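Trainee: This is the structure, below, for whatever I ask next.
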Amino acid sequence: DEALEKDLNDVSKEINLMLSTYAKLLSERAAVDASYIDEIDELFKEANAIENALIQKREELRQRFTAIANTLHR
Amino acid sequence: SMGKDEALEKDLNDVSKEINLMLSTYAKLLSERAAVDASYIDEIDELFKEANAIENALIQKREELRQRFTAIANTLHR
Amino acid sequence: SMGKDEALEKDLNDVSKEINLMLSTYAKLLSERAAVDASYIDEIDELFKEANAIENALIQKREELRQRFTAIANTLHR
Amino acid sequence: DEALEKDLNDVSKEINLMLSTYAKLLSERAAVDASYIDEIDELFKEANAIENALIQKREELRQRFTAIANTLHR
Ligand SMILES: [Ca+2]
Ligand SMILES: [Ca+2]
Ligand SMILES: [Ca+2]
Ligand SMILES: [Ca+2]
Ligand SMILES: [Ca+2]
Ligand SMILES: [Ca+2]
Ligand SMILES: [Ca+2]
Ligand SMILES: [Ca+2]
Ligand SMILES: [Ca+2]
Ligand SMILES: [Ca+2]
Ligand SMILES: [Ca+2]
Ligand SMILES: [Ca+2]
Ligand SMILES: [Ca+2]
Ligand SMILES: [Ca+2]
Numbered sequence: 238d239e240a241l242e243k244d245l246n247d248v249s250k251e252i253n254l255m256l257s258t259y260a261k262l263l264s265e266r267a268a269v270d271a272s273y274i275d276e277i278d279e280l281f282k283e284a285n286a287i288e289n290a291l292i293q294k295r296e297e298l299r300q301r302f303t304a305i306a307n308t309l310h311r
Numbered sequence: 255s256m257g258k259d260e261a262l263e264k265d266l267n268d269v270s271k272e273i274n275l276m277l278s279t280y281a282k283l284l285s286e287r288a289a290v291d292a293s294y295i296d297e298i299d300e301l302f303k304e305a306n307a308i309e310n311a312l313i314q315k316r317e318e319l320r321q322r323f324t325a326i327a328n329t330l331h332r
Numbered sequence: 255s256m257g258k259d260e261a262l263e264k265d266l267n268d269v270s271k272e273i274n275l276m277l278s279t280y281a282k283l284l285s286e287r288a289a290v291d292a293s294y295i296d297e298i299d300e301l302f303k304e305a306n307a308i309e310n311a312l313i314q315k316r317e318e319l320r321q322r323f324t325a326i327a328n329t330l331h332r
Numbered sequence: 238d239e240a241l242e243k244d245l246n247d248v249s250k251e252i253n254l255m256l257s258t259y260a261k262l263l264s265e266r267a268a269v270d271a272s273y274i275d276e277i278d279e280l281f282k283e284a285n286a287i288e289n290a291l292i293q294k295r296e297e298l299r300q301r302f303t304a305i306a307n308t309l310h311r
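Protein chains in written order, with our numbering: chain A, 238 to 311; chain B, 255 to 332; chain C, 255 to 332; chain D, 238 to 311.
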């Protein structure tokens, strides 16, 4: 019911809106990826600190067990 | 009482659960991105096809006006 | 070695963190619902207004056809 | 460029699609709410079991401390 010229201008506006919206969404992905990488890195560092402490504690237990055994069996 | 080794094992499991949840949340975000990307392509394709059809009809409309004014000019001379 | 009381305190904190995350995820889902509800109202309103305008124009179109056929009938008798 | 009758039928289809889609979304909220309530309930029960065990352990520590004190100060 509107002229073809008017309808062409309406659809062009729809295109520009979708393009501008998607461009924005795409431009934001890098910072989101960077945030996940940063936070996963923090968690892996936390896990590695716990794991390392567990390794140390297990070696101390090995040494305590060996010492008690040697004292008891001579 | 209990061993610190046991407590450290438990704390390592706690952080492993957090890592697994973060990795799975990120994997989900990537799936949502893929579906968004494909939907954009479908939808922008529909819009560009509609725009080109309107554009082609508008070109035809201007030529129809040219033809109709030419026919009037010929009618005036009759 | 360490006390089981300390280990239990730590485990209680671990579950409290999970509760807090679940409560906040649910609070987020409710916010998304509210925005969805309001968007539905905006969008269905636009559609019903468009439908009523088309409907009213169609009623007018049928009456215009009635008027145009009546005028033809009067022209035929001239 | 289409007749008003055709356009009325197109918009009616759009309405029915939006209504049917929203009705579905609304009908699904109860099961989602129920799932959150169920899972939060499981977590609170887990937390209460830990808390209760901590209360018991603290009372045992109170009794061990009192007994050692009495033995040492007579
Ligand atoms: Ca038109
Ligand atoms: Ca238009
Ligand atoms: Ca390590
Ligand atoms: Ca813990
Ligand atoms: Ca398609
Ligand atoms: Ca499509
Ligand atoms: Ca073209
Ligand atoms: Ca824990
Ligand atoms: Ca509105
Ligand atoms: Ca609106
Ligand atoms: Ca009406
Ligand atoms: Ca029309
Ligand atoms: Ca139509
Ligand atoms: Ca309790």
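From the three backbone atoms N, C-alpha and C, an ideal C-beta is built for every residue, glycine too.
Among the candidates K282/C, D291/C and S293/C, whose CA atom is the shortest distance from the CA of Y273/D?
Mentor: Along the fourth sequence, read from residue 1 onward, the residue named residue 273/D stands at position 36. Closest by alpha carbon: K282/C.
Trainee: By a C-beta neighbour count over all protein chains shown, 10 Å radius and 16 as the cutoff for buried, is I287/A buried or exposed?
Mentor: Numbered from its first residue, the first sequence carries residue 287/A at position 50. Its Cβ being crowded by 16 or more others within 10 Å, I287/A is buried.
Trainee: Can you find a CB in chain B that lies within less than 9 Å of the CB of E260/C?
Mentor: Here residue 260/C corresponds to residue number 6 of the third sequence, with the count starting at 1. Chain B contact via Cβ: present.
Trainee: Run down chain B in chain order and give the residues with a C-beta less than 7 Å from the C-beta of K294/A.
Mentor: Position 57 of the first sequence, counted from the start, is the residue given in the question as residue 294/A. Correct list: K258, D259 and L262.
Trainee: Report the rounded CA-to-CA distance for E276/A versus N289/A, giving the unit in angstroms.
Mentor: For the purposes of this step, residue 276/A is taken as residue 39 along the first sequence, with counting starting at 1. For the purposes of this step, residue 289/A is taken as residue 52 along the first sequence, with counting starting at 1. For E276/A and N289/A, the distance between alpha carbons rounds to 20 Å.
Trainee: Note down, in chain order, every chain D residue with its Cβ under 8 Å from the Cβ of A311/C.
Mentor: Within the third sequence, numbered from 1, the residue matching residue 311/C stands at position 57. Per Cβ cutoff of 8 Å: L241.
Trainee: Just to confirm, does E288/A get its C-beta within under 8 Å of one of the non-hydrogen atoms of ligand 3?
Mentor: On the first sequence, position 51 is the one that residue 288/A refers to. For ligand 3, at least one heavy atom lies less than 8 Å from the Cβ of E288/A.
Trainee: Less than 8 Å separating the Cβ of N267/B from some heavy atom of ligand 3?
Mentor: Your numbering for residue 267/B matches position 13 in the second sequence. The answer is no for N267/B.
Trainee: Using a Cβ-Cβ cut-off of 9 Å, state whether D265/C counts as contacting chain B.
Mentor: If you number the third sequence from 1, residue 265/C lands on position 11. Yes, because at least one Cβ of chain B sits closer than 9 Å to the Cβ of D265/C.
Trainee: The alpha helix (DSSP H) spanning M276/C covers which residue range?
Mentor: Working through the third sequence from its first residue, we reach residue 276/C at position 22. Residues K258 to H331.
Trainee: Starting from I273/B, find everything on chain A with Cβ-Cβ shorter than 8 Å and list it in chain order.
Mentor: As a working mapping, residue 273/B is identified with position 19 in the second sequence. Under the 8 Å cutoff, chain A gives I277, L280, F281 and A284.
Trainee: Please list, in chain order, all residues of the same chain as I292/D whose beta carbon is under 7 Å from its beta carbon, the five residues on each side excluded.
Mentor: Your numbering for residue 292/D matches position 55 in the fourth sequence. Excluding residues within five positions, none has a Cβ falling inside 7 Å.
Trainee: Beta-carbon separation of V269/A and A305/B under 9 Å?
Mentor: If you number the first sequence from 1, residue 269/A lands on position 32. If you number the second sequence from 1, residue 305/B lands on position 51. Cβ distance not < 9 Å, so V269/A and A305/B don't count as in contact.
Trainee: For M256/C versus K258/B, is the C-beta distance shorter than 9 Å?
Mentor: Numbered from 1 along the third sequence, position 2 holds the residue referred to as residue 256/C. Numbered from 1 along the second sequence, position 4 holds the residue referred to as residue 258/B. Yes, they are a contact pair.
Trainee: At a cut-off of 8 Å, is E304/C close to ligand 1 when judged by its beta-carbon and the heavy atoms of the ligand?
Mentor: Residue mapping note: residue 304/C aligns to position 50 of the third sequence, counting from 1. With a threshold of 8 Å, the Cβ atom of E304/C does not count as near ligand 1, since no heavy atom of the ligand is closer than that.
Trainee: Would the beta-carbon of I252/A be found less than 8 Å away from any heavy atom of ligand 11?
Mentor: Taking the first residue of the first sequence as 1, we reach residue 252/A at position 15. Not so, every heavy atom of ligand 11 lies at least 8 Å from the Cβ.
Trainee: Let me confirm a value: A261/C is counted as buried when at least 16 other C-beta atoms fall within 10 Å, else exposed. Which label applies?
Mentor: Stepping through the third sequence from its first residue, residue 261/C is reached at position 7. It is buried - the Cβ of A261/C has at least 16 other Cβ atoms within 10 Å.
Trainee: Chain C beta carbons: is any one of them nearer than 9 Å to that of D268/B?
Mentor: For the purposes of this step, residue 268/B is identified with residue 14 of the second sequence, where counting begins at 1. With 9 Å as the cut-off, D268/B counts as an interface residue toward chain C.
Trainee: What residues sit near ligand 9, counting only those whose C-beta is closer than 7 Å to one of its heavy atoms, in chain order?
Mentor: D296/C, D299/C and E300/C
Trainee: By how many angstroms is the C-alpha of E296/D removed from the C-alpha of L263/A?
Mentor: Within the first sequence, the letter at position 26 stands for residue 263/A. Within the fourth sequence, the letter at position 59 stands for residue 296/D. Answer to the nearest angstrom: the Cα atoms are 58 Å apart.
Trainee: Could you tell me the distance, in whole angstroms, from the CA atom of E265/A to the CA atom of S257/A?
Mentor: Translated into the one-based positions of the first sequence, residue 265/A becomes position 28. Translated into the one-based positions of the first sequence, residue 257/A becomes position 20. Roughly 13 Å between the two C-alpha positions.
Trainee: Measuring alpha carbon to alpha carbon, tell me which residue in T303/A, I252/A and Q300/A is nearest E300/B.
Mentor: In the second sequence, the residue the question calls residue 300/B occupies position 46. Of the candidates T303/A, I252/A and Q300/A, the one whose C-alpha sits nearest the C-alpha of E300/B is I252/A.
Trainee: Can you list, in chain order, the residues of its chain whose CB lies under 6 Å from that of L266/B, leaving out five sequence neighbours each side?
Mentor: Within the second sequence, the letter at position 12 stands for residue 266/B. The answer is none, since no qualifying residue turns up.
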